[PDB]
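K.L.:
Below is protein-v4.cif; it holds mmCIF, C-alpha atoms and all ligand atoms.
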data_coords
#
loop_
_atom_site.label_atom_id
_atom_site.label_comp_id
_atom_site.auth_asym_id
_atom_site.auth_seq_id
_atom_site.Cartn_x
_atom_site.Cartn_y
_atom_site.Cartn_z
CA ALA A 1 -2.28 -8.85 22.41
CA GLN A 2 -4.23 -7.18 19.66
CA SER A 3 -5.02 -3.50 19.47
CA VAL A 4 -7.97 -2.06 17.56
CA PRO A 5 -6.53 1.00 15.64
CA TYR A 6 -8.55 4.20 16.48
CA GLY A 7 -9.96 4.60 12.95
CA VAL A 8 -11.68 1.16 12.95
CA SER A 9 -13.67 2.37 16.01
CA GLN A 10 -14.09 5.96 14.60
CA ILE A 11 -16.05 4.66 11.52
CA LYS A 12 -18.08 2.39 13.94
CA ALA A 13 -16.97 -0.89 12.53
CA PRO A 14 -16.91 -2.84 15.99
CA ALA A 15 -20.70 -2.43 16.15
CA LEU A 16 -21.21 -4.63 13.16
CA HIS A 17 -18.56 -7.13 14.28
CA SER A 18 -20.57 -7.48 17.54
CA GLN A 19 -23.62 -8.24 15.37
CA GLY A 20 -21.63 -10.94 13.51
CA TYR A 21 -20.92 -8.91 10.33
CA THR A 22 -17.21 -9.13 9.58
CA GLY A 23 -17.12 -9.21 5.73
CA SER A 24 -17.19 -12.97 5.20
CA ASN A 25 -17.14 -14.21 1.67
CA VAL A 26 -16.93 -10.66 0.23
CA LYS A 27 -13.98 -10.35 -2.18
CA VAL A 28 -11.81 -7.25 -2.07
CA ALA A 29 -9.03 -6.63 -4.61
CA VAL A 30 -6.25 -4.41 -3.24
CA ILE A 31 -4.74 -3.02 -6.42
CA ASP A 32 -1.35 -1.92 -5.13
CA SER A 33 2.28 -3.09 -4.58
CA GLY A 34 1.46 -6.65 -3.43
CA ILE A 35 0.55 -8.09 0.01
CA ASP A 36 2.95 -10.13 2.11
CA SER A 37 0.76 -13.19 2.59
CA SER A 38 3.11 -14.73 5.22
CA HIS A 39 2.30 -11.91 7.67
CA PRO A 40 0.67 -13.90 10.57
CA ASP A 41 -2.14 -11.34 10.76
CA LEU A 42 -3.27 -11.48 7.12
CA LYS A 43 -4.86 -14.32 5.11
CA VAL A 44 -4.62 -13.70 1.29
CA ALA A 45 -6.99 -15.59 -0.96
CA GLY A 46 -5.36 -15.03 -4.33
CA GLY A 47 -3.97 -12.45 -6.63
CA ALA A 48 -2.04 -11.78 -9.82
CA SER A 49 0.88 -9.54 -10.68
CA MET A 50 0.74 -7.13 -13.55
CA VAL A 51 4.29 -5.80 -12.94
CA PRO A 52 6.52 -7.48 -15.57
CA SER A 53 9.60 -7.57 -13.40
CA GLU A 54 8.03 -8.71 -10.10
CA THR A 55 5.82 -11.59 -11.03
CA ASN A 56 4.99 -12.60 -7.43
CA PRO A 57 1.94 -10.71 -6.02
CA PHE A 58 2.58 -12.13 -2.54
CA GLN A 59 5.94 -10.42 -2.23
CA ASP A 60 5.57 -6.77 -1.24
CA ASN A 61 8.97 -5.18 -1.57
CA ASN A 62 7.55 -1.72 -1.09
CA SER A 63 5.27 -2.02 2.06
CA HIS A 64 2.37 0.09 0.83
CA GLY A 65 0.12 -2.86 -0.24
CA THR A 66 0.53 -4.74 3.05
CA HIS A 67 -0.33 -1.73 5.07
CA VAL A 68 -3.47 -0.96 3.00
CA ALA A 69 -4.46 -4.64 3.17
CA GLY A 70 -4.17 -4.66 7.03
CA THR A 71 -6.69 -1.85 7.36
CA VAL A 72 -9.12 -3.75 5.11
CA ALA A 73 -8.81 -7.19 6.75
CA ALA A 74 -6.08 -7.73 9.46
CA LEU A 75 -7.30 -10.92 11.26
CA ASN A 76 -9.18 -10.99 14.56
CA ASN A 77 -6.86 -12.87 16.86
CA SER A 78 -4.33 -12.26 19.75
CA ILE A 79 -1.82 -10.29 17.70
CA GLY A 80 -1.30 -7.08 15.93
CA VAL A 81 -4.26 -5.03 14.73
CA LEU A 82 -7.88 -5.66 13.60
CA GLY A 83 -9.18 -4.72 10.09
CA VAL A 84 -12.54 -3.06 9.25
CA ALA A 85 -13.69 -6.37 7.65
CA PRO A 86 -11.45 -8.99 9.29
CA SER A 87 -13.20 -11.93 7.51
CA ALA A 88 -13.13 -10.53 3.91
CA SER A 89 -11.40 -12.47 1.08
CA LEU A 90 -8.32 -10.45 0.30
CA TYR A 91 -6.81 -10.53 -3.26
CA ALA A 92 -3.37 -9.05 -3.96
CA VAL A 93 -3.42 -7.43 -7.43
CA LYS A 94 0.18 -6.17 -7.92
CA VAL A 95 0.32 -3.13 -10.21
CA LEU A 96 3.18 -1.16 -8.53
CA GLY A 97 6.84 -1.95 -8.28
CA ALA A 98 9.04 -2.00 -5.18
CA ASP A 99 9.71 1.66 -5.77
CA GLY A 100 5.96 2.40 -5.57
CA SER A 101 5.67 3.25 -9.33
CA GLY A 102 3.24 1.93 -11.93
CA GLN A 103 2.46 2.33 -15.58
CA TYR A 104 -1.16 3.04 -16.18
CA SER A 105 -1.53 -0.02 -18.39
CA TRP A 106 -0.43 -2.27 -15.46
CA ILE A 107 -3.19 -0.57 -13.48
CA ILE A 108 -5.76 -1.11 -16.24
CA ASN A 109 -4.69 -4.77 -16.42
CA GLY A 110 -5.16 -5.01 -12.67
CA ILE A 111 -8.70 -3.66 -12.90
CA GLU A 112 -9.54 -5.96 -15.86
CA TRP A 113 -8.30 -8.93 -13.83
CA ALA A 114 -10.57 -7.85 -10.89
CA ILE A 115 -13.59 -7.65 -13.19
CA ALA A 116 -12.92 -11.10 -14.77
CA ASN A 117 -12.53 -12.70 -11.40
CA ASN A 118 -15.71 -11.21 -9.93
CA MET A 119 -14.26 -9.01 -7.29
CA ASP A 120 -16.92 -7.27 -5.12
CA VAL A 121 -14.82 -4.26 -4.03
CA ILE A 122 -11.65 -2.74 -5.61
CA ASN A 123 -9.41 -0.49 -3.49
CA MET A 124 -6.92 1.78 -5.37
CA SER A 125 -4.90 3.66 -2.67
CA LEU A 126 -2.93 5.43 -5.48
CA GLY A 127 -3.35 8.45 -7.67
CA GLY A 128 -1.69 10.47 -10.35
CA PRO A 129 -2.20 14.10 -11.46
CA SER A 130 -2.98 12.87 -15.01
CA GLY A 131 -5.74 10.55 -16.19
CA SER A 132 -6.23 8.65 -19.44
CA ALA A 133 -9.37 7.72 -21.34
CA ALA A 134 -8.31 4.07 -21.09
CA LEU A 135 -8.17 4.51 -17.26
CA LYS A 136 -11.61 6.10 -17.08
CA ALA A 137 -12.87 3.31 -19.46
CA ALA A 138 -11.55 0.51 -17.16
CA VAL A 139 -12.93 2.15 -13.94
CA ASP A 140 -16.37 2.83 -15.51
CA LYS A 141 -16.45 -0.74 -16.90
CA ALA A 142 -15.86 -2.08 -13.35
CA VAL A 143 -18.70 0.01 -11.86
CA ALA A 144 -21.00 -0.92 -14.79
CA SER A 145 -20.12 -4.58 -13.92
CA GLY A 146 -21.37 -4.05 -10.31
CA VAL A 147 -18.01 -3.64 -8.46
CA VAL A 148 -17.69 -0.99 -5.66
CA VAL A 149 -14.53 1.08 -6.58
CA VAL A 150 -12.82 3.17 -3.93
CA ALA A 151 -9.70 5.31 -4.45
CA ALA A 152 -7.52 7.72 -2.51
CA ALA A 153 -8.41 11.35 -3.37
CA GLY A 154 -4.68 12.39 -3.39
CA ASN A 155 -2.27 14.02 -0.93
CA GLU A 156 -1.90 17.31 -2.80
CA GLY A 157 -3.55 19.71 -0.23
CA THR A 158 -5.16 22.99 -1.27
CA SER A 159 -4.28 25.11 -4.32
CA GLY A 160 -6.55 28.10 -3.42
CA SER A 161 -9.82 27.13 -5.11
CA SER A 162 -8.34 24.67 -7.65
CA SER A 163 -9.51 21.09 -7.15
CA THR A 164 -6.48 18.88 -6.28
CA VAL A 165 -8.11 15.36 -6.42
CA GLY A 166 -5.98 13.02 -8.61
CA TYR A 167 -6.86 10.07 -10.89
CA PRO A 168 -8.76 7.72 -10.61
CA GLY A 169 -10.59 9.44 -7.71
CA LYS A 170 -11.56 12.38 -9.93
CA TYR A 171 -13.83 10.10 -12.02
CA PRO A 172 -17.53 10.28 -10.93
CA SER A 173 -17.82 6.40 -11.01
CA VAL A 174 -15.14 6.16 -8.31
CA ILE A 175 -15.66 6.97 -4.63
CA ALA A 176 -12.75 9.48 -3.83
CA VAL A 177 -11.77 9.37 -0.03
CA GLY A 178 -10.04 12.18 1.88
CA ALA A 179 -8.22 11.99 5.23
CA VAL A 180 -9.22 13.22 8.68
CA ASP A 181 -7.38 12.58 12.04
CA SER A 182 -8.91 11.50 15.43
CA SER A 183 -10.72 14.77 15.90
CA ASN A 184 -12.29 14.77 12.42
CA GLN A 185 -9.98 17.49 11.30
CA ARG A 186 -8.89 17.33 7.61
CA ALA A 187 -5.18 16.35 7.33
CA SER A 188 -3.23 19.27 5.70
CA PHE A 189 -2.09 17.10 2.74
CA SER A 190 -5.57 15.71 1.89
CA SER A 191 -6.62 16.79 -1.69
CA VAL A 192 -9.67 19.08 -1.87
CA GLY A 193 -12.25 19.80 -4.58
CA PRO A 194 -15.80 19.04 -5.81
CA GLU A 195 -14.87 15.34 -6.60
CA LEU A 196 -14.26 14.40 -2.96
CA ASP A 197 -17.11 12.12 -1.86
CA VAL A 198 -16.32 11.04 1.81
CA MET A 199 -13.64 11.13 4.50
CA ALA A 200 -12.14 8.32 6.59
CA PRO A 201 -9.23 8.20 9.14
CA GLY A 202 -5.88 8.87 7.29
CA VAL A 203 -3.37 10.13 9.90
CA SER A 204 -1.17 7.77 11.96
CA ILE A 205 -2.88 4.57 10.83
CA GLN A 206 -1.37 1.48 12.50
CA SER A 207 -1.44 -1.47 10.22
CA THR A 208 0.57 -4.50 9.16
CA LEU A 209 3.94 -4.24 7.42
CA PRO A 210 6.07 -6.91 5.52
CA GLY A 211 8.23 -9.23 7.69
CA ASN A 212 5.75 -9.46 10.62
CA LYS A 213 6.00 -5.83 11.58
CA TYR A 214 3.36 -3.15 12.10
CA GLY A 215 3.74 0.61 11.57
CA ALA A 216 1.79 3.89 11.35
CA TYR A 217 1.40 5.70 8.02
CA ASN A 218 -0.43 8.86 6.84
CA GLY A 219 -2.22 9.40 3.53
CA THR A 220 -5.56 9.41 1.80
CA UNK A 221 -4.34 5.92 0.71
CA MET A 222 -4.76 4.90 4.44
CA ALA A 223 -8.31 6.53 4.43
CA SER A 224 -9.46 4.59 1.34
CA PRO A 225 -9.18 0.88 2.73
CA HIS A 226 -11.46 2.05 5.55
CA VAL A 227 -14.21 2.77 3.01
CA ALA A 228 -13.35 -0.45 0.96
CA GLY A 229 -13.67 -2.44 4.24
CA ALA A 230 -16.93 -0.65 5.10
CA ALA A 231 -18.30 -1.65 1.62
CA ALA A 232 -17.38 -5.26 2.56
CA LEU A 233 -19.31 -5.17 5.92
CA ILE A 234 -22.44 -3.70 4.25
CA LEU A 235 -22.42 -6.48 1.66
CA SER A 236 -21.80 -9.21 4.35
CA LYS A 237 -25.04 -7.94 5.99
CA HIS A 238 -26.95 -7.29 2.70
CA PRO A 239 -25.38 -9.70 0.02
CA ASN A 240 -28.34 -8.62 -1.78
CA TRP A 241 -27.36 -5.00 -2.62
CA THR A 242 -25.89 -3.55 -5.73
CA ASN A 243 -22.70 -1.41 -5.76
CA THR A 244 -25.13 1.51 -6.33
CA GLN A 245 -26.95 0.89 -3.02
CA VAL A 246 -23.66 0.41 -1.06
CA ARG A 247 -22.28 3.69 -2.49
CA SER A 248 -25.53 5.56 -1.69
CA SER A 249 -25.73 4.21 1.83
CA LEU A 250 -22.15 5.29 2.58
CA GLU A 251 -22.73 8.80 1.21
CA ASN A 252 -26.14 9.43 2.77
CA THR A 253 -25.28 8.29 6.33
CA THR A 254 -22.04 10.28 6.88
CA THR A 255 -21.39 12.68 9.80
CA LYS A 256 -21.20 15.98 7.99
CA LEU A 257 -17.99 17.76 8.95
CA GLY A 258 -17.19 21.10 7.21
CA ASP A 259 -17.69 22.27 3.61
CA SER A 260 -18.09 19.77 0.76
CA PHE A 261 -15.18 21.35 -1.08
CA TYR A 262 -12.95 20.13 1.76
CA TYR A 263 -14.90 17.25 3.29
CA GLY A 264 -17.24 15.93 0.65
CA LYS A 265 -20.33 14.39 2.25
CA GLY A 266 -18.40 13.83 5.55
CA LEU A 267 -17.11 11.05 7.79
CA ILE A 268 -18.48 7.62 6.93
CA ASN A 269 -20.34 5.76 9.70
CA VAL A 270 -20.59 2.06 8.67
CA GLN A 271 -22.96 1.16 11.54
CA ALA A 272 -25.54 3.64 10.09
CA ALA A 273 -24.68 2.77 6.45
CA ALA A 274 -25.23 -0.99 6.96
CA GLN A 275 -28.96 -0.58 7.96
CA CA B 1 -4.95 -9.29 14.60
CA CA B 2 -15.12 10.67 -7.78
#
Kindly return the structure encoded in the file as structure tokens.
Ligand SMILES: [Ca+2]
Ligand SMILES: [Ca+2]

P.N.:
Amino acid sequence: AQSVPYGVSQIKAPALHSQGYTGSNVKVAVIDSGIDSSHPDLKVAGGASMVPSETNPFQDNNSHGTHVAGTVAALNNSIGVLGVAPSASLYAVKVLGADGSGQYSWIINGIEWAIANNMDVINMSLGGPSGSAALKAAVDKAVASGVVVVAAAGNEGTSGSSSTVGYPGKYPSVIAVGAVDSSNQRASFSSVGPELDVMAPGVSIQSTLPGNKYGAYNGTXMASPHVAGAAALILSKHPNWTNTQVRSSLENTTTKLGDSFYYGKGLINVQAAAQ
């Protein structure tokens, strides 16, 4: 049997699936630690590894990439979970090693690859406290090229009134996603600040893990694939739209929760955003 994780329903994704919008033919690059393509509940369409030492993008020795990928597109079937856009074309862009670490230039090469290969959506469920002009240049190039870019806001919590959003989420061109639980309460670790654009479910997120397992993780990095998958359903309904319209729809149709400093524009609602 298959279970629909609570967050897939909380952002109102089943509504569009009922209407026949499941993300078909939309291409989503999951820039992360790889995706185990043999998981029976994932179908991976391609990818490329930027990590020198682990040249196979379909080998996820860390787990993070496979989990993020499952939230974006776990298949609709009799097993496991269901993704926000279960028919999306999933591409594993490996920029992080088995220890979950990455050099910014591997990350930039990942993004360049995504641009060259005409990705529609890029998900970066990763963040550092530092940025680099090269990193802003790659992210801004992607958005200029018409790609929807979504990134985890960071799991740094509150530092009084200091913004704690990390990079690349802190860049205006990137949609920075924070984490709420089932009751739309901000998770204590979720980074806060003026650069936070929307919130998605990020606490006890059941998704796929390497070796035909499933498991629940917490993080803004679990919030982010929910908004990348929502960008994929909007475009499967309106193939038509630019990354600028998809971003605006997501931001303008949110359920406003508390203060923007903590919640940005609020909880995305992809049924309202897809028009
Ligand atoms: Ca499934
Ligand atoms: Ca931003």

K.L.:
Could you work out an axis-aligned bounding box for all listed atoms of range 93-98 of chain A, with 8 Å added on each of the six sides, and give its centre and edge lengths in Å to one decimal, as AutoDock Vina command-line options?

P.N.:
--center_x 2.8 --center_y -4.3 --center_z -7.7 --size_x 28.5 --size_y 22.3 --size_z 21.0

K.L.:
Would you compute the distance between CA of residue 43 in chain A and CA of residue 67 in chain A? Give it in Å to one decimal.

P.N.:
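Taking CA of residue 43 in chain A and CA of residue 67 in chain A, their separation equals 13.4 Å.
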
K.L.:
Identify the residues around (-10.0, -7.7, 5.3) within a radius of 8 Å, measuring from only C-alpha atoms in the coordinates stated by the file, and give them as a ChimeraX atom specification.

P.N.:
/A:23,28,42,69-75,83-90,229

K.L.:
Smallest atom-to-atom distance to residue 55 in chain A: which of A:95, A:142, A:270, A:115, using only C-alpha atoms?

P.N.:
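With only C-alpha atoms as the atom set, the closest residue is A:95.
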
K.L.:
Between A:10, A:243, A:33, A:254, which residue has the minimum interatomic distance to residue 183 in chain A, considering all atoms listed in the file?

P.N.:
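That would be A:10, the residue with the smallest distance to residue 183 in chain A.
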
K.L.:
Counting only C-alpha atoms and all ligand atoms, which residue out of A:98, A:135, A:148, A:196 sits closest to ligand CA 2 (chain B)?

P.N.:
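Of A:98, A:135, A:148, A:196, the one nearest ligand CA 2 (chain B) is A:196, counting only C-alpha atoms and all ligand atoms.
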
K.L.:
Give the answer as one residue: which of A:40, A:154, A:102, A:7 has the shortest atom-to-atom distance to ligand CA 2 (chain B), using all atoms listed in the file?

P.N.:
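Ranked by minimum distance to ligand CA 2 (chain B), first place goes to A:154.
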
K.L.:
List as an mmCIF file with C-alpha atoms, in the coordinates of the input the protein and nucleic acid residues lying within 9 Å of ligand CA 2 (chain B), with only C-alpha atoms and all ligand atoms counted.

P.N.:
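And here's part.cif as it stands now:
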data_model
loop_
_atom_site.group_PDB
_atom_site.id
_atom_site.type_symbol
_atom_site.label_atom_id
_atom_site.label_comp_id
_atom_site.auth_asym_id
_atom_site.auth_seq_id
_atom_site.Cartn_x
_atom_site.Cartn_y
_atom_site.Cartn_z
ATOM 1 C CA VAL A 150 -12.820 3.170 -3.930
ATOM 2 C CA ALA A 151 -9.700 5.310 -4.450
ATOM 3 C CA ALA A 153 -8.410 11.350 -3.370
ATOM 4 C CA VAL A 165 -8.110 15.360 -6.420
ATOM 5 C CA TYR A 167 -6.860 10.070 -10.890
ATOM 6 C CA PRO A 168 -8.760 7.720 -10.610
ATOM 7 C CA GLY A 169 -10.590 9.440 -7.710
ATOM 8 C CA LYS A 170 -11.560 12.380 -9.930
ATOM 9 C CA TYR A 171 -13.830 10.100 -12.020
ATOM 10 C CA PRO A 172 -17.530 10.280 -10.930
ATOM 11 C CA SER A 173 -17.820 6.400 -11.010
ATOM 12 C CA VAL A 174 -15.140 6.160 -8.310
ATOM 13 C CA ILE A 175 -15.660 6.970 -4.630
ATOM 14 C CA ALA A 176 -12.750 9.480 -3.830
ATOM 15 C CA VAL A 177 -11.770 9.370 -0.030
ATOM 16 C CA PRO A 194 -15.800 19.040 -5.810
ATOM 17 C CA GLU A 195 -14.870 15.340 -6.600
ATOM 18 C CA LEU A 196 -14.260 14.400 -2.960
ATOM 19 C CA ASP A 197 -17.110 12.120 -1.860
#

K.L.:
Within 7 Å of ligand CA 1 (chain B), which residues of chain A show up? Give each one with its shortest atom-to-atom distance in Å (one decimal) and the two atoms involved, counting all atoms listed in the file, rows by chain then rising residue number, as a Markdown table.

P.N.:
| residue | atom | partner | partner_atom | distance |
| --- | --- | --- | --- | --- |
| A:2 | CA | B:CA1 | CA | 5.5 |
| A:41 | CA | B:CA1 | CA | 5.2 |
| A:74 | CA | B:CA1 | CA | 5.5 |
| A:75 | CA | B:CA1 | CA | 4.4 |
| A:76 | CA | B:CA1 | CA | 4.6 |
| A:77 | CA | B:CA1 | CA | 4.6 |
| A:78 | CA | B:CA1 | CA | 6.0 |
| A:79 | CA | B:CA1 | CA | 4.5 |
| A:80 | CA | B:CA1 | CA | 4.5 |
| A:81 | CA | B:CA1 | CA | 4.3 |
| A:82 | CA | B:CA1 | CA | 4.8 |

K.L.:
Quick one, how far is CA of residue 191 in chain A from CA of residue 64 in chain A?

P.N.:
19.1 Å

K.L.:
What is the CA of residue 122 in chain A to CA of residue 162 in chain A distance in Å?

P.N.:
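CA of residue 162 in chain A lies at a distance of 27.7 Å from CA of residue 122 in chain A.
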
K.L.:
Pick from A:96, A:152, A:50, A:134: nearest to residue 110 in chain A, with all atoms listed in the file counted?

P.N.:
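Ranking A:96, A:152, A:50, A:134 by distance to residue 110 in chain A, first place goes to A:50.
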
K.L.:
Would you please work out which residue, of A:93, A:242, A:213, A:49, is nearest to residue 144 in chain A when using only C-alpha atoms?

P.N.:
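Once distances to residue 144 in chain A are computed over only C-alpha atoms, the minimum belongs to A:242.
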
K.L.:
Do a neighbour search on residue 34 in chain A at 12 Å with all atoms listed in the file, toss out local chain neighbours closer than 2 positions, and write the hits as an MDAnalysis selection string.

P.N.:
chainID A and resid 29:32 36:38 44 46:51 54:69 90:100 110 209:210

K.L.:
For the residues in that selection, give me C-alpha atoms as an mmCIF file, in the frame of the given file.

P.N.:
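Result file out35.cif:
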data_model
loop_
_atom_site.group_PDB
_atom_site.id
_atom_site.type_symbol
_atom_site.label_atom_id
_atom_site.label_comp_id
_atom_site.auth_asym_id
_atom_site.auth_seq_id
_atom_site.Cartn_x
_atom_site.Cartn_y
_atom_site.Cartn_z
ATOM 1 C CA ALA A 29 -9.030 -6.630 -4.610
ATOM 2 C CA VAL A 30 -6.250 -4.410 -3.240
ATOM 3 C CA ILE A 31 -4.740 -3.020 -6.420
ATOM 4 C CA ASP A 32 -1.350 -1.920 -5.130
ATOM 5 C CA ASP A 36 2.950 -10.130 2.110
ATOM 6 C CA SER A 37 0.760 -13.190 2.590
ATOM 7 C CA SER A 38 3.110 -14.730 5.220
ATOM 8 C CA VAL A 44 -4.620 -13.700 1.290
ATOM 9 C CA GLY A 46 -5.360 -15.030 -4.330
ATOM 10 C CA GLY A 47 -3.970 -12.450 -6.630
ATOM 11 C CA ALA A 48 -2.040 -11.780 -9.820
ATOM 12 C CA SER A 49 0.880 -9.540 -10.680
ATOM 13 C CA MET A 50 0.740 -7.130 -13.550
ATOM 14 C CA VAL A 51 4.290 -5.800 -12.940
ATOM 15 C CA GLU A 54 8.030 -8.710 -10.100
ATOM 16 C CA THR A 55 5.820 -11.590 -11.030
ATOM 17 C CA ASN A 56 4.990 -12.600 -7.430
ATOM 18 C CA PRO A 57 1.940 -10.710 -6.020
ATOM 19 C CA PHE A 58 2.580 -12.130 -2.540
ATOM 20 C CA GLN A 59 5.940 -10.420 -2.230
ATOM 21 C CA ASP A 60 5.570 -6.770 -1.240
ATOM 22 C CA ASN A 61 8.970 -5.180 -1.570
ATOM 23 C CA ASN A 62 7.550 -1.720 -1.090
ATOM 24 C CA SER A 63 5.270 -2.020 2.060
ATOM 25 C CA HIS A 64 2.370 0.090 0.830
ATOM 26 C CA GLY A 65 0.120 -2.860 -0.240
ATOM 27 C CA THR A 66 0.530 -4.740 3.050
ATOM 28 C CA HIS A 67 -0.330 -1.730 5.070
ATOM 29 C CA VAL A 68 -3.470 -0.960 3.000
ATOM 30 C CA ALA A 69 -4.460 -4.640 3.170
ATOM 31 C CA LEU A 90 -8.320 -10.450 0.300
ATOM 32 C CA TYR A 91 -6.810 -10.530 -3.260
ATOM 33 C CA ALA A 92 -3.370 -9.050 -3.960
ATOM 34 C CA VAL A 93 -3.420 -7.430 -7.430
ATOM 35 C CA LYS A 94 0.180 -6.170 -7.920
ATOM 36 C CA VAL A 95 0.320 -3.130 -10.210
ATOM 37 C CA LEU A 96 3.180 -1.160 -8.530
ATOM 38 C CA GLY A 97 6.840 -1.950 -8.280
ATOM 39 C CA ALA A 98 9.040 -2.000 -5.180
ATOM 40 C CA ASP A 99 9.710 1.660 -5.770
ATOM 41 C CA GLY A 100 5.960 2.400 -5.570
ATOM 42 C CA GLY A 110 -5.160 -5.010 -12.670
ATOM 43 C CA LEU A 209 3.940 -4.240 7.420
ATOM 44 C CA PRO A 210 6.070 -6.910 5.520
#

K.L.:
So which residues are close to (-23.7, 9.1, 5.1), meaning at most 7 Å away in the file's coordinates with all atoms listed in the file counted, and can you show them as an mmCIF file with C-alpha atoms, in the coordinates of the input?

P.N.:
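As a result, selection30.cif now contains:
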data_model
loop_
_atom_site.group_PDB
_atom_site.id
_atom_site.type_symbol
_atom_site.label_atom_id
_atom_site.label_comp_id
_atom_site.auth_asym_id
_atom_site.auth_seq_id
_atom_site.Cartn_x
_atom_site.Cartn_y
_atom_site.Cartn_z
ATOM 1 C CA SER A 249 -25.730 4.210 1.830
ATOM 2 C CA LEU A 250 -22.150 5.290 2.580
ATOM 3 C CA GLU A 251 -22.730 8.800 1.210
ATOM 4 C CA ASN A 252 -26.140 9.430 2.770
ATOM 5 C CA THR A 253 -25.280 8.290 6.330
ATOM 6 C CA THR A 254 -22.040 10.280 6.880
ATOM 7 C CA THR A 255 -21.390 12.680 9.800
ATOM 8 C CA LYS A 265 -20.330 14.390 2.250
ATOM 9 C CA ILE A 268 -18.480 7.620 6.930
ATOM 10 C CA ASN A 269 -20.340 5.760 9.700
ATOM 11 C CA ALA A 273 -24.680 2.770 6.450
#

K.L.:
Output as a PDB file, in the coordinates of the input: range 40-53 of chain A, completed with N, CA, C and O atoms.

P.N.:
ATOM      1  N   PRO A  40       1.624 -13.098   9.782  1.00  0.00           N
ATOM      2  CA  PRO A  40       0.670 -13.900  10.570  1.00  0.00           C
ATOM      3  C   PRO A  40      -0.713 -13.271  10.832  1.00  0.00           C
ATOM      4  O   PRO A  40      -1.643 -13.921  11.323  1.00  0.00           O
ATOM      5  N   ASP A  41      -0.916 -12.022  10.403  1.00  0.00           N
ATOM      6  CA  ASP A  41      -2.140 -11.340  10.760  1.00  0.00           C
ATOM      7  C   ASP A  41      -2.875 -11.034   9.472  1.00  0.00           C
ATOM      8  O   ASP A  41      -3.743 -10.182   9.513  1.00  0.00           O
ATOM      9  N   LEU A  42      -2.574 -11.696   8.371  1.00  0.00           N
ATOM     10  CA  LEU A  42      -3.270 -11.480   7.120  1.00  0.00           C
ATOM     11  C   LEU A  42      -3.541 -12.882   6.590  1.00  0.00           C
ATOM     12  O   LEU A  42      -2.773 -13.789   6.913  1.00  0.00           O
ATOM     13  N   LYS A  43      -4.617 -13.070   5.834  1.00  0.00           N
ATOM     14  CA  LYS A  43      -4.860 -14.320   5.110  1.00  0.00           C
ATOM     15  C   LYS A  43      -5.171 -13.820   3.677  1.00  0.00           C
ATOM     16  O   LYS A  43      -6.089 -13.015   3.509  1.00  0.00           O
ATOM     17  N   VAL A  44      -4.390 -14.154   2.655  1.00  0.00           N
ATOM     18  CA  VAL A  44      -4.620 -13.700   1.290  1.00  0.00           C
ATOM     19  C   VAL A  44      -5.198 -14.888   0.514  1.00  0.00           C
ATOM     20  O   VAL A  44      -4.691 -16.007   0.641  1.00  0.00           O
ATOM     21  N   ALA A  45      -6.232 -14.604  -0.267  1.00  0.00           N
ATOM     22  CA  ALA A  45      -6.990 -15.590  -0.960  1.00  0.00           C
ATOM     23  C   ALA A  45      -6.554 -15.803  -2.385  1.00  0.00           C
ATOM     24  O   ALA A  45      -6.940 -16.810  -2.990  1.00  0.00           O
ATOM     25  N   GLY A  46      -5.785 -14.896  -2.954  1.00  0.00           N
ATOM     26  CA  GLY A  46      -5.360 -15.030  -4.330  1.00  0.00           C
ATOM     27  C   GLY A  46      -4.802 -13.700  -4.729  1.00  0.00           C
ATOM     28  O   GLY A  46      -4.645 -12.805  -3.880  1.00  0.00           O
ATOM     29  N   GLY A  47      -4.516 -13.623  -6.017  1.00  0.00           N
ATOM     30  CA  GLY A  47      -3.970 -12.450  -6.630  1.00  0.00           C
ATOM     31  C   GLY A  47      -3.219 -12.730  -7.907  1.00  0.00           C
ATOM     32  O   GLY A  47      -3.015 -13.881  -8.267  1.00  0.00           O
ATOM     33  N   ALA A  48      -2.747 -11.691  -8.551  1.00  0.00           N
ATOM     34  CA  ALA A  48      -2.040 -11.780  -9.820  1.00  0.00           C
ATOM     35  C   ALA A  48      -1.179 -10.527  -9.938  1.00  0.00           C
ATOM     36  O   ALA A  48      -1.577  -9.445  -9.471  1.00  0.00           O
ATOM     37  N   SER A  49       0.009 -10.676 -10.499  1.00  0.00           N
ATOM     38  CA  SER A  49       0.880  -9.540 -10.680  1.00  0.00           C
ATOM     39  C   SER A  49       0.853  -9.142 -12.139  1.00  0.00           C
ATOM     40  O   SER A  49       0.864  -9.985 -13.045  1.00  0.00           O
ATOM     41  N   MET A  50       0.758  -7.833 -12.278  1.00  0.00           N
ATOM     42  CA  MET A  50       0.740  -7.130 -13.550  1.00  0.00           C
ATOM     43  C   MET A  50       2.090  -6.436 -13.767  1.00  0.00           C
ATOM     44  O   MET A  50       2.306  -5.856 -14.846  1.00  0.00           O
ATOM     45  N   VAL A  51       3.005  -6.457 -12.792  1.00  0.00           N
ATOM     46  CA  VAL A  51       4.290  -5.800 -12.940  1.00  0.00           C
ATOM     47  C   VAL A  51       5.140  -6.875 -13.592  1.00  0.00           C
ATOM     48  O   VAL A  51       5.266  -7.989 -13.067  1.00  0.00           O
ATOM     49  N   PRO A  52       5.716  -6.561 -14.763  1.00  0.00           N
ATOM     50  CA  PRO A  52       6.520  -7.480 -15.570  1.00  0.00           C
ATOM     51  C   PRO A  52       7.723  -8.092 -14.859  1.00  0.00           C
ATOM     52  O   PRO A  52       8.035  -9.280 -14.957  1.00  0.00           O
ATOM     53  N   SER A  53       8.389  -7.229 -14.128  1.00  0.00           N
ATOM     54  CA  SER A  53       9.600  -7.570 -13.400  1.00  0.00           C
ATOM     55  C   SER A  53       9.334  -8.306 -12.085  1.00  0.00           C
ATOM     56  O   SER A  53      10.123  -9.160 -11.663  1.00  0.00           O
TER      57      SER A  53
END
